[PDB]
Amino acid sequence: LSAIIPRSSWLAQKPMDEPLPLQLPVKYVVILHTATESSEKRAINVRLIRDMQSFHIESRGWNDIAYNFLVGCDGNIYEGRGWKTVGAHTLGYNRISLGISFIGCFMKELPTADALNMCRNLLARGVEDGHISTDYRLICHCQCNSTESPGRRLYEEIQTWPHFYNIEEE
């Protein structure tokens, strides 16, 4: 958990209104992407995250950056709203999941191996610390709402991960 880059490291602004507590442990984990450029340099990812918080607060009218966590192609996990806060990333699932978004656009390409592995470590970390249910269901954004997110190629990768839940075939 110390490997997680905190909000203060990307100069986050404090939420406009009191955030909503998320009832833990979460039953679902949604994987998304930002549909932005990707970068292997921490300085660039930090720029993207801070500009995204503004996009979400000022361009979208939301309370804070939408995701609970972000994964950069530099292999880092960045704190979004965190482990205990209801996100604004997946309509119909915000109150019962953690939203993890990969920084980039993965319609054809895949995030770096390190980014993919750190994301898996983040999931194990959450289960191990009790934030994520032991029998949690891992799902993708596109399975919940009409959207390319987290990108076709990344979606194909995720469905090969343990805990992947096929909402349609069930």
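The numbering used is simple: start at 1 and walk along the sequence shown.
Q: Between 42-50 and 101-109, point out the one with the higher average CA B-factor as the PDB entry records it.
A: Averaging CA B-factors over each stretch, the winner is 101-109.
Q: Please compare 52-60 with 118-126 and name the stretch with the higher mean C-alpha B-factor in the deposited structure.
A: Comparing 52-60 with 118-126, the higher average CA B-factor belongs to 118-126.
Q: Among the modelled residues of its chain, does the C-alpha B-factor of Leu91 lie in the lowest, middle or highest third?
A: Highest third.
Q: How does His33 rank on Cα B-factor within its chain, lowest, middle or highest third?
A: It belongs to the lowest third of the chain when residues are ordered by C-alpha B-factor.
Q: Place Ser149 in the lowest, middle or highest third of its chain's C-alpha B-factors, as listed in the PDB entry.
A: It belongs to the middle third of the chain when residues are ordered by C-alpha B-factor.
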